[PDB]
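Residue numbers (PDB author numbering), protein chains in the order written: chain E, 26 to 154, 417 to 536; chain g, 19 to 144, 405 to 527; chain a, 15 to 137, 408 to 533; chain d, 28 to 155, 420 to 538; chain H, 13 to 142, 403 to 524; chain z, 4 to 97; chain Z, 50 to 97; chain Q, 27 to 219, 372 to 530.
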Amino acid sequence: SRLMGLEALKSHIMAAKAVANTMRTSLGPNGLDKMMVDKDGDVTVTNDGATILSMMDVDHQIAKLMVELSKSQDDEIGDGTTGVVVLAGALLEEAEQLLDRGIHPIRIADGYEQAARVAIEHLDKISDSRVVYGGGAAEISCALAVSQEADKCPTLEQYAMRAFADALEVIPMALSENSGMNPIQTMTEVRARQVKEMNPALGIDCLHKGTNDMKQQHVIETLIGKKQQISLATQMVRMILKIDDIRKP
Amino acid sequence: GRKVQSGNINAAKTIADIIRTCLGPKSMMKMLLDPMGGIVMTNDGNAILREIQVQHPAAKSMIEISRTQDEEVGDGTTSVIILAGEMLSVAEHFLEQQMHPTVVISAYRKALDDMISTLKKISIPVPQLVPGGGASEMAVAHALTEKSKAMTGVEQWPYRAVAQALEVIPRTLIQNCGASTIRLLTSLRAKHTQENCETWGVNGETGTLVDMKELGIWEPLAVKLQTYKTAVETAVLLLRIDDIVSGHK
Amino acid sequence: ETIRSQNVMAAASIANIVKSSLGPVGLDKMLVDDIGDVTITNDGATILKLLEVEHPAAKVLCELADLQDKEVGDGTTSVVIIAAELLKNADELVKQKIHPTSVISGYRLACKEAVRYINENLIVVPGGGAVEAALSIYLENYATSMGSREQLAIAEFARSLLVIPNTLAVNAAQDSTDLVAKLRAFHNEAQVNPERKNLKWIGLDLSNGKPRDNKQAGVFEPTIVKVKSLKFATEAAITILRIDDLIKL
Amino acid sequence: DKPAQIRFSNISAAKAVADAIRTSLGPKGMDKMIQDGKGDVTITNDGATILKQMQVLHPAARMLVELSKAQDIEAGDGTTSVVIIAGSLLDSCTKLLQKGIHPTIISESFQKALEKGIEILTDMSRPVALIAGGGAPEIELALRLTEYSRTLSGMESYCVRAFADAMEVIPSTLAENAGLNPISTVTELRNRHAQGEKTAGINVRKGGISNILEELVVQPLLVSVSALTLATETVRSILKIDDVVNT
Amino acid sequence: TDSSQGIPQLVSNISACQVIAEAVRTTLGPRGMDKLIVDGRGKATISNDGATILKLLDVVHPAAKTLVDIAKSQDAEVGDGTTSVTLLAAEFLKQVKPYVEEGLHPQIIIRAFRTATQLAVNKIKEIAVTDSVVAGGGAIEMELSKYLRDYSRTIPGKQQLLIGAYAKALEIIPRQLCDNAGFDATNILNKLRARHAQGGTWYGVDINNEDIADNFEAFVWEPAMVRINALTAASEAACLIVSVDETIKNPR
Amino acid sequence: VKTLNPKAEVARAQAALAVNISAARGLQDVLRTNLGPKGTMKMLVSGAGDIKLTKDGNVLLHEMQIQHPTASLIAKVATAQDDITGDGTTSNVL
Amino acid sequence: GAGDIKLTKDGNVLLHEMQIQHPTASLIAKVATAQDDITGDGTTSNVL
Amino acid sequence: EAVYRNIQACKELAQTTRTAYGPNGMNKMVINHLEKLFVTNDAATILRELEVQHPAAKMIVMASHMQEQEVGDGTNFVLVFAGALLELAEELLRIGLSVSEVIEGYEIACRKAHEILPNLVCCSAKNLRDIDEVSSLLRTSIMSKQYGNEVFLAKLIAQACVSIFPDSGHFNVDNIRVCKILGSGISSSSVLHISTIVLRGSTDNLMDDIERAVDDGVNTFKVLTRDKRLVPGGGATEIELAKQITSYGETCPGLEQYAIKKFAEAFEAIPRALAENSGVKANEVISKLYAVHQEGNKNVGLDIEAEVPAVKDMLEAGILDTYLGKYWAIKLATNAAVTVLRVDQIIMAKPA
Ligand SMILES: Nc1ncnc2c1ncn2[C@@H]1O[C@H](COP(=O)(O)OP(=O)(O)O)[C@@H](O)[C@H]1O
Ligand SMILES: Nc1ncnc2c1ncn2[C@@H]1O[C@H](COP(=O)(O)OP(=O)(O)O)[C@@H](O)[C@H]1O
Ligand SMILES: Nc1ncnc2c1ncn2[C@@H]1O[C@H](COP(=O)(O)OP(=O)(O)O)[C@@H](O)[C@H]1O
Ligand SMILES: Nc1ncnc2c1ncn2[C@@H]1O[C@H](COP(=O)(O)OP(=O)(O)O)[C@@H](O)[C@H]1O
Ligand SMILES: Nc1ncnc2c1ncn2[C@@H]1O[C@H](COP(=O)(O)OP(=O)(O)O)[C@@H](O)[C@H]1O
Ligand SMILES: Nc1ncnc2c1ncn2[C@@H]1O[C@H](COP(=O)(O)OP(=O)(O)O)[C@@H](O)[C@H]1O
Ligand SMILES: Nc1ncnc2c1ncn2[C@@H]1O[C@H](COP(=O)(O)OP(=O)(O)O)[C@@H](O)[C@H]1O
Ligand SMILES: [Mg+2]
Ligand SMILES: [Mg+2]
Ligand SMILES: [Mg+2]
Ligand SMILES: [Mg+2]
Ligand SMILES: [Mg+2]
Ligand SMILES: [Mg+2]
Ligand SMILES: [Mg+2]
Ligand SMILES: [Mg+2]
């Protein structure tokens, strides 16, 4: 019972924000590697999961829960398992500031559920093959969608709908990082372009090819390979955002 | 009560115990140690009281009351600090049984009205005189103990306690002669339960029981009335003081 | 801890200082002066104009008590008690996320709907503990038939008005819960049963331990004293509630 | 080094001169005992005097206290909402600085928002001109600037959004002091403003939100426009300040 | 803690029961915070049910242990209502601590949780409707409270402020039902109390939306027998922990 | 809570008999050597240093640094008791 | 050591069975116990 | 200073039991040497798991065991009355009389009390086979132990005892076996056949209490076979004994007077502990009992039922006690108190 309550969700979040901050520097093609070193091994890998996640992080029984839930993404829905740990980390990092205002965790979970419904309700508008165009562009066409619908919610969920918008823009901000670009400047200079000219394909060019238009760079994401990230991450937050105690005899 | 009618009884107990033995024809000197050289031996209760800095308001009130009685009646000024330390010593045994000070004050003030009925009855003319020694106290005590057999109330134990508290005057007139206060006071009780033996007291110089109509000790019934009134009034003026708080004026 | 509980504790301290000398039969207090000149007195009207109060909340409470005393020369030691009890219960309310303003609005509503029912107890007011134990039940019924964020500050204004009947019975050695609950069980069948409407004069008796009719026994109290006391205790509680920080210069 | 600690020893000395004046805002404003050095303690609910006699001693604290004086010499009654504004703008600038953007960008984007705010607080106005006070001129600012921060590019549309989110403080304090749930009522106020209602706001007598303007206090523009202008000036001056040098 | 004999021991037992309930409180309701209890093998168990949390919890305090045994006994035979039982028990204990700090004495608090509980099960068996069902989600603890306080107002003696505290101690089930959903309890409960004063003997907390709702019409139902058994078991657990005066720990 | 301390408590019933008897015994053991012929003088050095052979009771008790207050008493009462008889101290103290 | 209490008002059983710390008193008891078996019982008066 | 450490331990032994005297006695959680929580009301089982090690207190426990094997009840009387005896002796030794002067005073007062008792008996057991006269009369023994189903257990034990009973006495308390079938339903208990009570509890921790209550029950039938004389229970006989002993002490002169009056005030400690365990104020009820016993009611005792201090006749109410069970109780309590009053300077022994 030691450290239970709304001070146990600042520790659970500091724990699930460590396994995410490490995986935050490996998203893009320019993803900086890590070194596998155990009793015997010198593997250098940047991929995900078993290659990174499930060979480390035995702490707080919650990093073990992120890595326990990310096994559902890989082997099973393509291999998009770095985007779900970074997205879960971002959602919890915004929940950290939503809790300080005094919003009950269940309320934040319902807000994330509504926002994920809106996002997945917006990704299926951009099936263009089965396929959602964009390296960093799918998470900026939804963040723009769940930001508008946010102000159409009269309850406390509106704050959670906006935090979900602010956290969906972390995928196209570790893509700006991990390269020689500025995260905020680049993420916004392409977010202000999906508005003022309707093209959700505009995204970050992690490779410096030169065109911020993922429709022609031919960098694609399978739709069910994005309907999972937005869903499996929310179903991971709503499991880490709702447990109130870790008792260890 | 609480720790305020039990911190006013320990002040009264302390003041009584300081002078308790300075009573009788067989008085016992006390040593007053000044700051520089000190010793001055005096068996006079008043000076001992007028020279010790007590600094406690309860004790300051017992000293004040005693000085007033001394400058009013003269005699019976060390039998007032006693019978007020003794009648308070017995009050604490009921403030420990969760008995409101109002109840003991309603018993003390009720015992007094019966205390001054036998002094009017055991007196002898030429105003009137009352048997000295311990005879007047043991007679009043026995009278109250016989009047307390028809009380049928909760203020029945504090009634007998006052009665048995008017025995510290014989208890000290026997202790200063070297005799045993127990084996002799029991004999006094036995003598006083008879018909005419209301003047049997204690020979203050030999430590034996003598009829005071044959030894010739008699105290005027105006220093035995003011003594009892002042004692049972300083016993209900220190029992109804619920708090000692600061005061600015 | 916050500086609202500190003001509540200061008011409670001055209350506990005054509240054992309330009724006609009430123990005294001793107010040690600077040199040590002690004055032993009940009648808190003086204990409040002689007490060394340094805390600002105790100071404001003393100021409003003296204002009431000079408005009408009675009911100045009950104002402090009712005000400190209001403050205790209001602190218990605020400590479960009830803003001090909702509690203040509740106290205003209660003090305004209590003097509009004391004009159904007036003839003078029965006195004793009748009006208090009647307003208790009336306000506990009037609160629930409102259902606003302040429906809980009228039921803590009704269970905190019975501090006068609850301290008028420990200053009478009778009881605290039993006597007040027989008082609040007679006044129930004066607002529930229309036949026994003359059970609204049944206050409590300070001689015997049993509630009697304080109209057939002449223990009345002028209506302009009870109304002024409820109207000044309410303002005192409100004044000490509307502060929430102490600015250091 | 020193810049990144004298932009956080001013933004934490001005944000502590605002959270000593905040719950004194409005009709149902909580009082605040003032402990003089002699010892006597007085009680007032107006933020003007509390700032007047405060012994601030800090550069930014004084910059914020002299803002109340400017606001009451320019408009008369804004002397504790402008301090709350210019302390929450700095609260937002505390997070905008950890992101890593430069203070000369959160100073040219506030004037990029204040100039739009001027054109939002002149549309609500009923030309006599008067604006619907009570919380409207700030929830409308938040909503409209958030809508307008989505049409802006670069680091600009990241501080204007912080401007909007920092506007939702006077409605929060007015809702708190009125005995409401601040977050829930602020969300309901925003959802009532997006649906068209521009007169909305916390009616503190009733104890809740209201649209009818009869018992909804109306204030001149000069007070709200002056509050925005002076608060943005003061936060621009505090952001572009490092290295307090002793001559 | 003193925990010697009498008031100190009772306060200690009350605090221990408060702790053991506080470890399960958030689990109450349909949607309740989970708990991550880990055994000695490194297994992570996430379960939002009070039964499976007390059977996996180290009870090393005597009073807490007795409360947990009574809760497990309720869970074994009945099933439903193994966290509401311990919640009601710990709340009954929490709301008589301010009266047991004085010399009220437990023997009298025990002749207030047995008259009041018998009366409440009578009221349940009299107000239940048809197998017999009563509206859950509060709507009973918000009615049994109104009935018990309105009845305690007509009691001359010490049981007035003990039944009136028994009644006030029932409002926790309709309170943490909405405190778990995050519904600003001090408003929904105020509405429930106001709506139970006038009428509406079946109005309880709604979980789909932050407002009161007639719980009989909304078909959120609870078997009358189950509620009676839960109330009796909670009251008996309270009386047990109130009827304990000392802890005689054998030296060996 | 001003002034709640019952001070001034020393030497109860024997604690004073023991002290006074020990003081008298010490004063005896100081003057025990000076009694009778074949006795023993004492020095009595002042502050300036004026030594003074002073074998007797009066000049000794009247001029020596007697630390114990009880012995100081016994000497103030014994010196004032040998001017009506001439000289009988050093036997009184013993 | 086991806890067998024994009301023992007399000199022999006392001096012969009690924890006498002082060595001199231990002597006086070893010499007084061995001196009351030729007379029967006269201890408690010897020690006094 | 060594006879006060003994008294100050016999007090603390009497305070952990005083609170479990009447039918409203408290109910403490006695952790077993095997760590098995059986919260029990019986205050003879408490001593088993308390294992008092202070030797002065151990003697009062030995007297309690003597009372537990000589008769079957009064185990608390023997150590809530001896505790009062010593508490008042310390209140009397400080006056300075001596250990010697209060022991013989207590012995005189105990000899007096054993001559007052046969004049306090007010009922009998005319027919020890009439089943209502064996249930309604054996009720008090269980009522004091298990308040609640006092009459059901009374009848169910009356059946067992009356069944196996010869025409001459020879009641065997070891004949009545007690099964403990772990069923459910107290009412389902019955008497099979030497007899046996199946005693179907619910959790094998609320029939162990019933098993001890059955023990105390049939133990009252055994003593009822030896002495039919019954005395009023619930403090009636105690207050009457205290009144008459106080009178005797007032007549008798000498130093024994104080010890006799203290023996009476030690008898008043039974209804004081009877009332203090019910919420009512003790002084109120001791005054209301002494004032109705002075008129000569002789049978009125504590009214456990009411909330306020109340008095009620105990003959017409049927709350009686057993003569032998109090004769032996007073005897053993006096013998225990005077014993640890003698003991001074508890020395350690020599390693054998
Ligand atoms: N050529 C590219 N240009 C821009 N973004 C890319 C490119 N290739 C992949 N991405 C983006 O990288 C992210 C996937 O990171 P990745 O390392 O593939 O994670 P995972 O380990 O889960 O496969 C997606 O957001 C995807 O859109
Ligand atoms: N010769 C005597 N024998 C016995 N008692 C005496 C004698 N002389 C005085 N007393 C008693 O001594 C008590 C106190 O007398 P004393 O010591 O002079 O002081 P006080 O002023 O208190 O009387 C009185 O009760 C008085 O009767
Ligand atoms: N004789 C009495 N019997 C019952 N109640 C009384 C009696 N006298 C006064 N009271 C009650 O005691 C309360 C307190 O009055 P008190 O404190 O003595 O003076 P004040 O009126 O200044 O408070 C009053 O409200 C009054 O109703
Ligand atoms: N009747 C009202 N209802 C709602 N808000 C009000 C009302 N009157 C003033 N306000 C708010 O109070 C703020 C003005 O600050 P104020 O506290 O009046 O400064 P001062 O401390 O100088 O009085 C503005 O936000 C204004 O909207
Ligand atoms: N759909 C619902 N709406 C409102 N209240 C509910 C609903 N379902 C259950 N409850 C309430 O939640 C309380 C707790 O039930 P739950 O925790 O699910 O199982 P248990 O009754 O075993 O604790 C019950 O008292 C019930 O009244
Ligand atoms: N020459 C002597 N032989 C024997 N005894 C003597 C002689 N001179 C004096 N004494 C005794 O010594 C005793 C004590 O005398 P001392 O103490 O020296 O002086 P003081 O006589 O002043 O006390 C006297 O009682 C006296 O009898
Ligand atoms: N119903 C009752 N009302 C009042 N006093 C009772 C009642 N039943 C029993 N008593 C008294 O309290 C005692 C309780 O018995 P208990 O103390 O448990 O047994 P023991 O005599 O072995 O200590 C009875 O012996 C009797 O003196
Ligand atoms: Mg990939
Ligand atoms: Mg005299
Ligand atoms: Mg008055
Ligand atoms: Mg203003
Ligand atoms: Mg369930
Ligand atoms: Mg000579
Ligand atoms: Mg012999
Ligand atoms: Mg028994």
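For every residue, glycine included, the Cβ atom is placed at its ideal position computed from N, Cα and C.
Of the residues H:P428, H:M497, H:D486 and H:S515, the one whose Cα lies closest to the Cα of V477 (chain H) is H:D486. For the options g:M429, g:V446, g:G431 and g:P143, the alpha carbon positioned closest to that of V418 (chain g) is the one of g:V446. When d:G103, d:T107, d:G56 and d:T50 are compared, the shortest CA-CA separation from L78 (chain d) is found for d:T107. Distances between the C-beta of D46 (chain H) and the heavy atoms of ligand 3 are all 7 Å or more. Between the stretch 133-144 of chain g and the stretch 462-469 of chain g, the count of C-beta pairs closer than 8 Å stays below three; the two stretches do not touch.
Annotation: Cβ neighbours of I471 (chain E) in chain d (cutoff 7 Å, chain order): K126, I128, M446 and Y449. According to the DSSP secondary-structure assignment, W435 (chain g) is paired through a beta bridge with no residue. Shown here, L48 (chain H) sits in a strand according to DSSP, grouped into three states. With respect to chain a, the C-beta atom of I36 (chain g) has no partner C-beta closer than 8 Å. Around the CB of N472 (chain a), 16 or more other CB atoms lie within 10 Å, so the residue is classed as buried.
For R534 (chain E), the beta-bridge partners assigned by DSSP are H:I49.
For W478 (chain g), the beta-bridge partners assigned by DSSP are g:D489. With distances taken between CA atoms, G89 (chain a) lies nearest to a:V509 out of a:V509, a:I531 and a:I527. Shown in chain order are the members of the stretch 472-492 of chain E whose Cβ falls below 8 Å from a Cβ of chain d: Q472, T475, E476, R478, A479, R480, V482 and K483. By the rule that beta-carbons nearer than 8 Å mark a contact, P441 (chain E) touches chain d.
In this structure, the C-beta of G94 (chain g) approaches ligand 9 to less than 7 Å from one of its heavy atoms.
In the three-state reduction of the DSSP assignment, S152 (chain E) falls in the strand class, which pools E and B.
Using a Cβ-Cβ cut-off of 9 Å, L90 (chain E) is close to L48, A56 and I58 of chain H, given in chain order.
Interface residue (Cβ-Cβ distance to chain d less than 8 Å): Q139 (chain E) is not classified as such.
Straight-line measurement puts the Cα of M60 (chain E) at about 10 Å from the Cα of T76 (chain E). For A89 (chain Q), not one C-beta of chain Z is nearer than 8 Å to its own C-beta. Interface residue (Cβ-Cβ distance to chain a less than 8 Å): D73 (chain d) is not classified as such.
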